Amino acid sequence: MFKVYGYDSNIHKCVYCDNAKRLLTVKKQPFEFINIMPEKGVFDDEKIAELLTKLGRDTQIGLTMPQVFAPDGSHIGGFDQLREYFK
């Protein structure tokens, strides 16, 4: 299953997060979507710590959403990278 980190656009607009879920649904590629801000004004500290650790980053400043990981665990990156991965 792919791992997609991002925003629920109903809480915080992220059109690239939605494009990423639509693409995986078109390819019938099973995925788990991880919402790093489950409520307006509350970050899920545990899943951001998880993400930054996998990306080897000391800070969320600069982080771009969505961030997608392959079923094998490899970091793919953003939406354009995901699109390119299926080509």
# chains A, B, ... in the order shown; residues from 1 in each chain; ligands from 1
$ residues_around --residues "residue A:66" --least-positions-apart "5" --cutoff "10 Å" --atoms "only C-alpha atoms" --output "MDAnalysis selection string"
chainID A and resid 3:7 14:21 33:35 77:79
$ write_last_selection --atoms "N, CA and C atoms" --output "PDB file, in the first residue's frame"
ATOM      1  N   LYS A   3       1.904   5.158   0.848  1.00  0.00           N
ATOM      2  CA  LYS A   3       1.684   6.021   2.009  1.00  0.00           C
ATOM      3  C   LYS A   3       1.674   7.441   1.475  1.00  0.00           C
ATOM      4  N   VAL A   4       0.556   8.146   1.605  1.00  0.00           N
ATOM      5  CA  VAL A   4       0.419   9.505   1.131  1.00  0.00           C
ATOM      6  C   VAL A   4       0.290  10.352   2.401  1.00  0.00           C
ATOM      7  N   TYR A   5       1.152  11.336   2.638  1.00  0.00           N
ATOM      8  CA  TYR A   5       0.992  12.273   3.748  1.00  0.00           C
ATOM      9  C   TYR A   5       0.416  13.552   3.155  1.00  0.00           C
ATOM     10  N   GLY A   6      -0.513  14.248   3.798  1.00  0.00           N
ATOM     11  CA  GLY A   6      -1.049  15.490   3.252  1.00  0.00           C
ATOM     12  C   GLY A   6      -2.225  16.059   4.069  1.00  0.00           C
ATOM     13  N   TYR A   7      -2.901  17.022   3.430  1.00  0.00           N
ATOM     14  CA  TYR A   7      -4.065  17.676   3.993  1.00  0.00           C
ATOM     15  C   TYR A   7      -5.336  17.155   3.387  1.00  0.00           C
ATOM     16  N   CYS A  14      -5.514  21.626  -0.451  1.00  0.00           N
ATOM     17  CA  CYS A  14      -4.330  20.970  -0.952  1.00  0.00           C
ATOM     18  C   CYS A  14      -4.807  20.303  -2.238  1.00  0.00           C
ATOM     19  N   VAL A  15      -4.770  20.959  -3.415  1.00  0.00           N
ATOM     20  CA  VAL A  15      -5.264  20.280  -4.626  1.00  0.00           C
ATOM     21  C   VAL A  15      -4.354  19.151  -5.101  1.00  0.00           C
ATOM     22  N   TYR A  16      -3.067  19.252  -4.761  1.00  0.00           N
ATOM     23  CA  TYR A  16      -2.112  18.224  -5.094  1.00  0.00           C
ATOM     24  C   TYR A  16      -2.278  16.990  -4.239  1.00  0.00           C
ATOM     25  N   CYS A  17      -2.797  17.155  -3.029  1.00  0.00           N
ATOM     26  CA  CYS A  17      -3.104  16.005  -2.225  1.00  0.00           C
ATOM     27  C   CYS A  17      -4.247  15.252  -2.887  1.00  0.00           C
ATOM     28  N   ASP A  18      -5.258  15.981  -3.385  1.00  0.00           N
ATOM     29  CA  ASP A  18      -6.389  15.303  -3.982  1.00  0.00           C
ATOM     30  C   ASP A  18      -6.056  14.659  -5.323  1.00  0.00           C
ATOM     31  N   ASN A  19      -5.204  15.323  -6.102  1.00  0.00           N
ATOM     32  CA  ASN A  19      -4.748  14.779  -7.366  1.00  0.00           C
ATOM     33  C   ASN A  19      -4.055  13.463  -7.081  1.00  0.00           C
ATOM     34  N   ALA A  20      -3.129  13.425  -6.114  1.00  0.00           N
ATOM     35  CA  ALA A  20      -2.463  12.205  -5.687  1.00  0.00           C
ATOM     36  C   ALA A  20      -3.415  11.092  -5.275  1.00  0.00           C
ATOM     37  N   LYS A  21      -4.532  11.329  -4.582  1.00  0.00           N
ATOM     38  CA  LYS A  21      -5.453  10.246  -4.270  1.00  0.00           C
ATOM     39  C   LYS A  21      -6.212   9.820  -5.516  1.00  0.00           C
ATOM     40  N   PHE A  33      -3.915   7.227   3.275  1.00  0.00           N
ATOM     41  CA  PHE A  33      -3.744   8.667   3.354  1.00  0.00           C
ATOM     42  C   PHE A  33      -3.574   9.095   4.832  1.00  0.00           C
ATOM     43  N   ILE A  34      -2.506   9.808   5.152  1.00  0.00           N
ATOM     44  CA  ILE A  34      -2.183  10.217   6.513  1.00  0.00           C
ATOM     45  C   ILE A  34      -2.319  11.729   6.588  1.00  0.00           C
ATOM     46  N   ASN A  35      -3.266  12.118   7.401  1.00  0.00           N
ATOM     47  CA  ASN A  35      -3.606  13.520   7.554  1.00  0.00           C
ATOM     48  C   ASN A  35      -2.770  14.087   8.687  1.00  0.00           C
ATOM     49  N   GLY A  77       7.985  11.315  -3.413  1.00  0.00           N
ATOM     50  CA  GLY A  77       8.026  12.768  -3.388  1.00  0.00           C
ATOM     51  C   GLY A  77       6.647  13.317  -3.582  1.00  0.00           C
ATOM     52  N   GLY A  78       6.518  14.315  -4.441  1.00  0.00           N
ATOM     53  CA  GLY A  78       5.254  14.993  -4.633  1.00  0.00           C
ATOM     54  C   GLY A  78       4.430  14.351  -5.722  1.00  0.00           C
ATOM     55  N   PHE A  79       3.379  15.092  -6.048  1.00  0.00           N
ATOM     56  CA  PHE A  79       2.451  14.650  -7.056  1.00  0.00           C
ATOM     57  C   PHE A  79       3.077  14.482  -8.442  1.00  0.00           C
TER      58      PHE A  79
END
$ residues_around --residues "residue A:27" --least-positions-apart "2" --cutoff "12 Å" --atoms "only C-alpha atoms" --output "PyMOL selection string"
chain A and resi 2+20-25+29-31+82-83+85-87
$ select_by_dssp --residues "chain A" --states "alpha helix (DSSP H)" --output "ChimeraX atom specification"
/A:15-26,45-55,79-85
$ write_last_selection --atoms "C-alpha atoms" --output "compact mmCIF listing (two decimals), in the first residue's frame"
# COMPACT_ATOMS: atom_id res chain seq x y z
CA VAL A 15 -5.26 20.28 -4.63
CA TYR A 16 -2.11 18.22 -5.09
CA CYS A 17 -3.10 16.00 -2.22
CA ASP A 18 -6.39 15.30 -3.98
CA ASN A 19 -4.75 14.78 -7.37
CA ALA A 20 -2.46 12.20 -5.69
CA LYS A 21 -5.45 10.25 -4.27
CA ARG A 22 -7.29 10.41 -7.62
CA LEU A 23 -4.26 9.08 -9.52
CA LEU A 24 -3.80 6.12 -7.19
CA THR A 25 -7.51 5.37 -7.40
CA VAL A 26 -7.35 5.41 -11.25
CA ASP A 45 2.82 15.86 16.04
CA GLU A 46 3.45 12.07 15.95
CA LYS A 47 2.89 11.68 12.16
CA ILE A 48 4.94 14.82 11.32
CA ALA A 49 7.78 13.39 13.44
CA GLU A 50 7.41 10.17 11.46
CA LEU A 51 7.50 11.98 8.14
CA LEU A 52 10.49 14.24 8.94
CA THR A 53 12.45 11.26 10.22
CA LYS A 54 11.82 9.35 6.94
CA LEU A 55 12.79 12.44 4.91
CA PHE A 79 2.45 14.65 -7.06
CA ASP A 80 4.51 15.22 -10.23
CA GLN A 81 6.88 12.52 -9.12
CA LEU A 82 3.98 10.17 -8.51
CA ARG A 83 2.63 10.88 -12.01
CA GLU A 84 6.03 10.19 -13.51
CA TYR A 85 6.30 6.91 -11.52
